[PDB]
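Chemist: Enclosed are the sequence and the experimentally obtained structure.
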Amino acid sequence: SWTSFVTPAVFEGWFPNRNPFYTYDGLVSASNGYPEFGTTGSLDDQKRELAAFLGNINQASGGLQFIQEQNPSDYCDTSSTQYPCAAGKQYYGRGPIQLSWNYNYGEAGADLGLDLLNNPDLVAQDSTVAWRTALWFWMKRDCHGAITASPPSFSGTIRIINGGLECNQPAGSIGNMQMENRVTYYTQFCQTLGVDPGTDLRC
Ligand SMILES: CC(=O)N[C@@H]1[C@@H](O)[C@H](O[C@@H]2O[C@H](CO)[C@@H](O[C@@H]3O[C@H](CO)[C@@H](O[C@@H]4O[C@H](CO)[C@@H](O)[C@H](O)[C@H]4NC(C)=O)[C@H](O)[C@H]3NC(C)=O)[C@H](O)[C@H]2NC(C)=O)[C@@H](CO)O[C@H]1O
């Protein structure tokens with residue numbers, strides 16, 4: 001199990017100022033629903049996956065200090081008709097991975113059997129739902145396959161999570177800096193776990 005290397009102490013050391021809404025046990029419990037997460041490939045692939053998942057979360061949530069996107073648009077894409085926006089509701093970033101947009105809340109809600117399209121706030125109000133949405137995005141959108149492949153691709157996870165705004169950005173631009181911060185956190189977490197991060201890091 002991945003909890004053998006990401007212990008409560010490792011987690012607390014990485015997120016010392018986390019909002020109390022986010023707990024280690026919450027992540028563990030939610031991960032039980034995605035048995036392949038952190039158990040795919042070699043032990044080093046397992047370590048890289050946890051470092052990549054939590055490194056991306058470190059960037060998105062500000063070290064788990066934030067539950068909701070700070071100073072957000074309502075993120076309702078009217079061209080995305082499969083998952084209809086609910087009147088007055090907003091799909092700004094929520095949870096560890098800052099799940100955004102009606103299309104992600106809708107697909108996640110469908111896969112998780114949750115009322116996320118009509119009640120997106122559940123992601124910021126129920127920590128079990130919050131962790132499940134982060135793991136759901138990671139698995140369903142295939143950040144999992146990107147990082148656990150041989151060779152591993154941390155860059156692939158960034159592309160999938162927020163590539164339009166963070167990848168292929170001029171060096172030093174805000175998007176490029178966010179991208180580099182994800183790489184910095186991933187490599188720092190890999191150092192804690194004693195694993196090589198791989199060479200495919202930036203996008
Ligand atoms: C320089 C630096 O690193 N500053 C930090 C701030 O960046 C950080 O605030 C957080 O910033 C991130 C951007 O890195 C922002 O991210 C949002 O995240 C969601 C989810 O990844 C993105 O949604 C994706 O949208 C695309 C379409 O554009 C979809 O294709 C994709 O499916 C979506 N992904 C998911 C998982 O839903 C948003 O696009 C993205 N927003 C932007 C404009 O980039 C977070 O919301 C910010 N977090 C907070 C809490 O506001 C800040 C955190 O405290 O720390 C700074 O240091």
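Modeler: On my side now, so go ahead. Numbering: from 1, shown residues only.

Chemist: Any figure for the gap between the residue of the chain positioned farthest from its centre and residue 160?
Modeler: Most distant from the centre of the chain: residue 87, at 26.7 Å, with distances by CA atoms, centre = their mean. Using CB to CB, to the nearest Å, we find residue 87 at a distance of 30 Å from residue 160. Heads up, the C-betas are built off the backbone N, CA and C, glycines and all.

Chemist: repeat for residue 97
Modeler: Where residue 160 is concerned, residue 97 sits at a distance of 11 Å (CB to CB).

Chemist: And those two? Which one has more around it.
Modeler: Using other CB atoms under 10 Å as the criterion, residue 97 and residue 160 rank with residue 97 on top: 27 against 18.

Chemist: Send me stretch 139-159 as PDB with only the CA atoms.
Modeler: Taking C-alpha atoms only, stretch 139-159 is exported to PDB below (Å, rounded to 0.1, in the frame of the first residue of the first chain):
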ATOM      1  CA  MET A 139      -7.800   8.500 -12.700                       C
ATOM      2  CA  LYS A 140     -10.600   9.200 -15.200                       C
ATOM      3  CA  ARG A 141      -8.600  11.900 -17.000                       C
ATOM      4  CA  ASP A 142      -5.600   9.600 -16.900                       C
ATOM      5  CA  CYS A 143      -3.000  11.500 -15.100                       C
ATOM      6  CA  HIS A 144      -2.500   8.000 -13.600                       C
ATOM      7  CA  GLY A 145      -1.400   6.500 -16.900                       C
ATOM      8  CA  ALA A 146       0.900   9.400 -17.600                       C
ATOM      9  CA  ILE A 147       2.900   9.200 -14.400                       C
ATOM     10  CA  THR A 148       2.900   5.400 -13.900                       C
ATOM     11  CA  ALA A 149       4.100   4.600 -17.400                       C
ATOM     12  CA  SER A 150       7.600   3.500 -18.300                       C
ATOM     13  CA  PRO A 151       9.100   6.100 -18.800                       C
ATOM     14  CA  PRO A 152       7.100   8.300 -16.300                       C
ATOM     15  CA  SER A 153       5.600  11.600 -17.500                       C
ATOM     16  CA  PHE A 154       5.000  14.200 -14.900                       C
ATOM     17  CA  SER A 155       4.600  16.800 -17.700                       C
ATOM     18  CA  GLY A 156       1.600  14.700 -19.000                       C
ATOM     19  CA  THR A 157      -0.100  15.300 -15.700                       C
ATOM     20  CA  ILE A 158       0.300  19.000 -16.000                       C
ATOM     21  CA  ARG A 159      -1.100  19.000 -19.600                       C
END
